[PDB]
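Visitor: A single structure is presented below for examination.
So basically every Cβ, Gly included, is an ideal-geometry build from the backbone, and we count neighbours across all protein chains shown. We did not get these values from a lab; they are worked out from the coordinates using the rules stated.
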Ligand SMILES: [Zn+2]
Ligand SMILES: [Zn+2]
Ligand SMILES: [Zn+2]
Ligand SMILES: [Zn+2]
Ligand SMILES: [Zn+2]
């Protein structure tokens, strides 16, 4: 579903931002 | 190229010439020979200024009188254009003859 | 439905047919091939009243039209020789008589000029001439909506190998026949089972390739496999077994080409990078940096 | 009235300022727009600073559009005095000299469009009274001016302009221009030998 | 002081007043043959990467072309796509349009003509509007041609309909970047000659001003689109002569469908790559599993006539002794061809070949030089 | 610049925006990068052209134009104002941007601000219409007239630069500094009012000239010539093409994995001669009822093989249920993605990334075990 896969994109972006952090 | 009008060698700074340019040079040369005033309407587009410069510089350097040339235009931009065409003509003459001959060509304007 | 022009490119080479006769038990297989072709052309003319036939023979010293005969001979002539019986159908009989008289004239001419031996086969030039004849009749269009079909009767006989110089003209013939929607059929009467160029010709021009070993029973091959009028090509499947791989030959080794390298200028095919850092067919110097990028080995940890 | 609103949709408008600095920057901007292909129009006076000296060759030209005949203000005292001096000194008439001066200004405006025989451009003269002044044009302009174009209207002038631009947007034939419009050295030698 | 009606009647029937027409046609034919005499085996870049840029602004709403400029440019571009992928199979192409001040990509750079046909059909519906942007079109063309390999030539064909362009920045910088990236631009203009397009073509084609074309009629526009499919002759200073690593895949035959490696769909047939044994749907395409170019022998052979062309057939002299009365590969008659009463065998329809000295008719002369690419006389010659 | 491969690989936001915009890339990105652990840089390295296309889809902008001239009314009159349109007012007129910045988040809102500006004299003066005093203008916007004149002087400051002598009309008129001839008549000066002051007609000419100079100068950003420009290109030599010519050697090697004599060839030929003369019995073509059977068997076996091959040849239907169908399709998709990345790293030929090659080989082994 679009809502949940955009949530997965948000979680992956947060994980990447933690990776630079 | 380099061609001949009567006994006058003319060094044209282009490999090709217009028929209007050649008849123009013929009329200017016969006017210089007879020694009078002439009125000439070259069509625009054709190389009127470069034809004047080429024939007059050739006449001045070949003939033993070595008459000076007074080129009077109406607009300081046109003095600039004639000067630029004169540099092109004399660079071609230097390249053809292998040496830069004793020549002085200058434009005159105001202090501003 | 619609009439068609059947153009038969027959390769009557005395060398190839003599080698075929020496390989086989029988002699004079040219006669059997010729009479099977005569019956097949009569069959094609019997298929439809308005359909047309052309025949081009590719002999040793060039090509010659067999049916119809040369217009200079038409104007000069008629010594009607009695090889074919006159009691048969006349509309077949003039075709057959013209064909056999031109066969006799061609054999007499190359018997006269028999001394000169040539290594240059004219099959590609004959196929090009047949394609020009197809274009001529299609552009003339005296019969409206005429289809066309090439039938190539060649012989390998195990003596002549694959010829590299024929590759470009046969490919150009493929493209022209595909443009004109004219199928090219190939019958190879010989010992060598594979003929890659003509196989690619049939498979790319939507024709039938048929390799046969014996000249006997050729009319059944022609009337069963080669009797596909282009009216019924999409609804009749083709018996062309042995699918061709559409590969090519290397320029300086000659083997069939796997994953390989072509020149970017003259499009010549090389299975290996040539010595001298220069193109063999094209004479272009190649950059050491990019050919070292080609010569690099794959990577794996120790 | 909003004409410039759809002039701006195609070409940038530049007007000859009486200040020469601003006129020179406007001319440079006009040449830059013609060079980069944005498209430009330069509105100038036919007797002004731009009309003398400044050339418009190739992309800088392509069309000289003359709003009317550039006639001088005839009721001015100095021009009337000069015209009278011409009348009782060199037998030059009022209307003849006025037409001569205005048509020579028009001619010097038309002559700026060409540099080289590869150059091309239309010269449109939008006035009733140019139609009688075909003989007062220079000889080459009169040769280029056909008799069917003396009384043109706007729409068929536009169609002729489109046909002209489409015609000479094509590459000219070097065989056609080999020895009739431009001469080589051998062509000049042959012409000299034919003359003598 | 009169009126337009009181004058004389026009007499339009009286104004019109009423053999050598074959001569007048054949002098024009000889001029055309002279214009085609300049034949030389120029080296041409076979592997091409073409960016078809189409103007789709308000200037394509003009009805000077039937039915309108946008619709027939799209139709002619569809025909161009078919012809270009017929004659240059290995080449890739992308499609960009100019609309509303921006360049719009409608199909990515790929070797499949069907996607470009579908994209052009999709753009055929939409209404052209906006202001063209040559700089935006050239910038996206430069971006598209950046990942193109060095062996593959980089070409941009711009069908420009307007006479002016509205650019976001300097376009001379974009032209300089195109010259530095070695991208050749050919522009088929519609209305007149634009100097920025002429200078762009000249700079991108190394002083060659013959790559800026302006149409005259619909037939000339079709001739321009037909001329645009041949490979461009490369310049001598280019030293990008390299091998291109590629394989010839095998046509697999299977009665069970399998997943293709390029689109991940069930396909019955396909081609197995010789290097990695992944299957591809159509050819010629780069292998999606090992980045290897997959072509066929016919795909190679479609450009051999561009590599070596046929020398044009020579017009036979009228007084020269004729070898044959009929064509060589066609055996049609050469007629008397008496143009006038005393013409006799003037401008005979024989076309002697330079090598084999064989005469051909006009139909064979056109056919051997256009559809075929090989001389039947030159192959019947037993060298 | 910012269009390079490393910038497109490191541009996380642009990758995320393209990924949101695209829908079919869900079924490739979702189980490979996240579930299977493929690096996003490795994923986008093969899709750099898609990233570049989505970059250039939004990075390009419409060139400058006279947007206030394109805006015209159509009692009630209505006008349409899009975002790209009002932004075009924003770059072509920075005075309107300065009016926006200090007003719309402090005092009053966007539509009433635009109504005040379009009713003000500033809109007329920027459009180029002649300003007259009987119009009301707007009290909030008309205080920016002096600031706009200040901005016009500032624009003239960096627009004013010395020009070449080819177009130096100031030098053309200052060539004679002491010329003192007749002052030209009133048709040669700008028009004047009854009191002799300027009527403002030259002001709109200055405004449109400055507008065009601003448009051309906006193109000039980071986004000896006299001889060349006076040279006659027609009188010079015609351009000579420098196209390379190729000569092809046709001496290719022959393909690699009983010569008959002329006497016996003539004997076979004469045999054909007499066999053609004596009788050509076409009824001899009929087979002898056994070779015809063998021939028909061979032909029908070839027909059966070709018919089984080409009986059947948008994807075609499958016997699988739909859930297992997309399960196998996504597994084949990640199969092909892992294989492509492994082959690129395998054929790159660099020892520094052999660890990545080993990781992709382990991924391929896990992929085999998953299949
Ligand atoms: Zn080569
Ligand atoms: Zn696929
Ligand atoms: Zn592969
Ligand atoms: Zn013919
Ligand atoms: Zn030939």
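Visitor: Given the convex hull over the Cα atoms of region C:149-302, what projected area results after averaging over all orientations, in nm²?
Guide: Its average projected convex-hull area is 13.4 nm².
Visitor: Now a separate question. When 1/r is averaged over all different Cα pairs and the result inverted, which Kirkwood radius in Å belongs to region F:82-176?
Guide: Evaluated on region F:82-176, it is 15.6 Å.
Visitor: Based on the alpha-carbon gyration tensor of region C:170-243 and its eigenvalue square roots a ≥ b ≥ c, which shape applies: rounded if a/c is under 1.5, prolate if not and a/b is larger than b/c, or oblate?
Guide: Judged from the Cα gyration tensor, region C:170-243 comes out oblate (a/c at least 1.5, b/c at or above a/b).
Visitor: Can you grab the distance from the C-alpha centre of region D:4-20 to the C-alpha centre of region E:156-221, Å, no decimals?
Guide: Using only Cα atoms, the two centres lie 26 Å from each other.
Visitor: Please list the three semi-axes, largest first and in whole Å, of the ellipsoid equivalent to region C:4-226, using sqrt of 5 times the eigenvalues of its alpha carbon gyration tensor.
Guide: The three semi-axes for region C:4-226 are 24, 22, 18 Å.
Visitor: Sticking with this structure for a sec: Rg/Rh for the protein assembly as shown to two decimals, with Rh computed the Kirkwood way over all alpha-carbon pairs.
Guide: Taking Rh as the inverse mean 1/r over Cα pairs, Rg/Rh reads 1.03.
Visitor: As a test of the formula, what do you get for the protein assembly as shown when each DSSP H run with n ≥ 4 contributes -39,500 (n - 2.57) and the sum is divided by the residue count, at 222 nm and rounded to the nearest 500 deg cm²/dmol?
Guide: Value at 222 nm, helices only: -13000 deg cm²/dmol.
Visitor: Throw me the Rg/Rh for chain E, computed over C-alpha atoms with Kirkwood Rh, two decimals.
Guide: Reported Rg/Rh, Kirkwood definition of Rh: 1.06.
Visitor: Right, here's the next one. Which distance in Å, rounded to a whole number, links the C-alpha centroids of region F:188-214 and region C:30-65?
Guide: Spelled out, the Cα-based centre of one part sits 92 Å from the other.
Visitor: Next question. Please report, for the Cα atoms of region E:1-129, the Rg to one decimal and the Dmax as a whole number; what are they, in angstrom?
Guide: 24.5, 74
Visitor: Along each of its three principal axes, how wide is the spread of alpha-carbon positions in region C:116-212, in whole angstrom units, largest first?
Guide: Sorted from largest, the Cα extents of region C:116-212 read 44, 30, 19 Å.
Visitor: With only alpha-carbon pairs counted, each pair once and no self-pairs, how large is the Kirkwood hydrodynamic radius of region D:2-143 in angstroms?
Guide: 16.8
Visitor: Okay, moving on. Once you average over the residues of C:10-21, how many Cβ atoms of partner chains fall within 10 Å of each Cβ? Mind showing how you got there, number by number?
Guide: Numbers: counts 0, 0, 1, 0, 7, 4, 1, 5, 10, 4, 1, 6.
Partner Cβ neighbours, averaged per residue: 3.
Visitor: Let me ask another. What order do you get for F:141-151, E:341-351 when each peptide is scored by the mean count of other beta carbon atoms within 10 Å, highest first?
Guide: Sorting F:141-151, E:341-351 by mean packing, highest first, produces E:341-351, F:141-151.
Visitor: Over what distance in Å are the Cα centres of region C:111-162 and region F:88-106 separated?
Guide: About 80 Å separates the Cα centre of region C:111-162 from the one of region F:88-106.
Visitor: Considering every residue in C:52-60, what mean count of other chain Cβ atoms within 10 Å of its Cβ is obtained?
Guide: Per-residue shielding by partner chains comes out at 1.
Visitor: Can I get the semi-axes of region E:261-332's equivalent ellipsoid? Compute them from the C-alpha gyration tensor as square roots of 5 times the eigenvalues, in angstrom, largest first. Before the final figure, lay out each step's value.
Guide: Values: eigenvalues 488, 39, 13 Å².
Gyration-tensor ellipsoid for region E:261-332: 49, 14, 8 Å.
Visitor: Just want the ordering: E:219, F:319, from fewest to most Cβ atoms lying within 10 Å of their own Cβ.
Guide: Final ranking by Cβ density, sparse to dense: F:319, E:219.
Visitor: While we're looking at this one, here's another question. Testing the spin-label approximation: label points 7 Å from Cα along Cα→Cβ at residue E:31 and residue F:187. State their distance in nm.
Guide: Taking the two extended label points, one gets 4.8 nm.
Visitor: Take the Cα atoms of region E:262-383, find their three principal axes, and give me the spread along each one in whole Å, biggest first.
Guide: Here the spans come out as 74, 31, 19 Å, largest first.
Visitor: I'd like the mean, over residues of F:173-185, of how many other protein chain beta carbons sit within 10 Å of each residue's own Cβ.
Guide: 3
Visitor: If all Cα-Cα distances of chain F are sorted into 10 Å bins from 0 onward, what percent lands in each bin, rounded to whole numbers?
Guide: 3, 11, 12, 12, 13, 13, 12, 9, 6, 4, 4, 2, 0
Visitor: Then there is this: Once all Cα-Cα distances of region C:26-100 are split into 10 Å bins that start at 0, what whole-number percent is in each one?
Guide: 16, 47, 33, 4
Visitor: Restricting to Cα pairs below 8 Å that are 6+ residues apart, what does the relative contact order work out to for region E:235-383? Please round to a whole percent.
Guide: This gives 15 percent for region E:235-383.
Visitor: Which order, highest average first, do B:39-47, F:305-313 follow once you tally other Cβ atoms within 10 Å for each residue and take the mean per peptide?
Guide: Those peptides, ordered most packed to least, come out B:39-47, F:305-313.
Visitor: Which whole-number percentage describes the relative contact order of chain D, with Cα contacts under 8 Å and a sequence gap of 6 or more?
Guide: It comes to 18 percent, rounded to a whole number.
Visitor: Sticking with this structure for a sec: Using mean Cβ contacts within 10 Å as the protection proxy, how do F:95-101, C:278-284 order, highest first?
Guide: C:278-284, F:95-101
Visitor: Could you tell me how many cubic angstrom of Cα convex hull volume region C:205-288 has per residue?
Guide: Hull volume normalised by residue count: 154 Å³.
Visitor: How do F:257, C:253, F:201 line up, fewest other C-beta atoms within 10 Å first?
Guide: With the sparsest Cβ surroundings first, the list reads F:257, F:201, C:253.
Visitor: Quick one: if the Förster radius is 56 Å, what FRET efficiency do residue F:98 and residue A:14 give, using the C-beta to C-beta distance and rounding to 0.05? Working shown, then result.
Guide: Details: r = 39 Å, r/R0 = 0.70.
E between residue F:98 and residue A:14, to the nearest 0.05, is 0.90.
Visitor: Where does chain B land on Rg/Rh, using Cα atoms and the Kirkwood Rh?
Guide: 0.94
Visitor: Here's something else I'd like to know. Sorted from fewest to most neighbouring beta carbons within 10 Å, what does the list D:194, E:122, E:57, C:160 look like?
Guide: Least to most surrounded, the residues fall as D:194, E:122, C:160, E:57.
Visitor: Hey, what does the equivalent ellipsoid look like for region D:128-196, semi-axes from the Cα gyration tensor as sqrt of 5 times each eigenvalue, largest first, whole Å?
Guide: Each semi-axis is √(5λ); the values are 34, 20, 6 Å.
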